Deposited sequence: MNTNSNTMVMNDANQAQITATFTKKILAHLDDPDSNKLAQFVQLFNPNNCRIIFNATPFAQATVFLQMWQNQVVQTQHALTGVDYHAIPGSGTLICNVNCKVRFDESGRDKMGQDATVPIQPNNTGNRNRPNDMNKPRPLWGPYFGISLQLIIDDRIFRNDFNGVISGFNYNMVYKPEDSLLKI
């Protein structure tokens, strides 16, 4: 049950990183007004700045789930996901991405407004 809900949202998120249409604003709405985001070792306090950097600097991407774990931490009122993906850029070889996310329970109750407070996105491996 809860399982699916997550793995899906996980995908929704990946879906956004893949959508080039600078129309993006609702994506930023998945993050609340107080974050913690790291991208390839680089911190970002605002999902805004980050996503700006992304749409503005990153290339066309193609993400594919390949492992999705998670624990809902008691009292915290949230959960944490341990995600794994591969990625292509133009389409070229596949790269390995490790991604942790801290998300709010509310999502399980279909609430999606600003539930991402944790975003640790890091490339772990590349083509041979």
Review point. What stretches of this chain's deposited sequence are missing C-alpha coordinates?
Key: 1 to 13, 37, 49, 106 to 140, 179 to 184
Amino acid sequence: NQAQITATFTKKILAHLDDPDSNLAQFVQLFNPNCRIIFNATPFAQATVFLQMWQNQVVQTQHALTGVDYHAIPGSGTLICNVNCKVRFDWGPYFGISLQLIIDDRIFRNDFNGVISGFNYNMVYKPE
From here on, numbers count along this sequence of modelled residues.
**Study point:** Mean C-alpha temperature factor, higher of 33 to 41 and 88 to 96
**Key:** 88 to 96
Point to revise | Mean C-alpha B-factor comparison - 62 to 70 and 97 to 105, higher one | key: 62 to 70
Review point. Taking the C-alpha B-factors as the PDB entry records them, is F119 in the lowest, middle or highest third of its chain?
Key: lowest
Revision key, fill the gap. Binned into thirds over the chain's modelled residues, the C-alpha B-factor of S76 lands in the lowest
Revision key, fill the gap. So, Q55's CA B-factor, relative to its chain, sits in which third? The middle
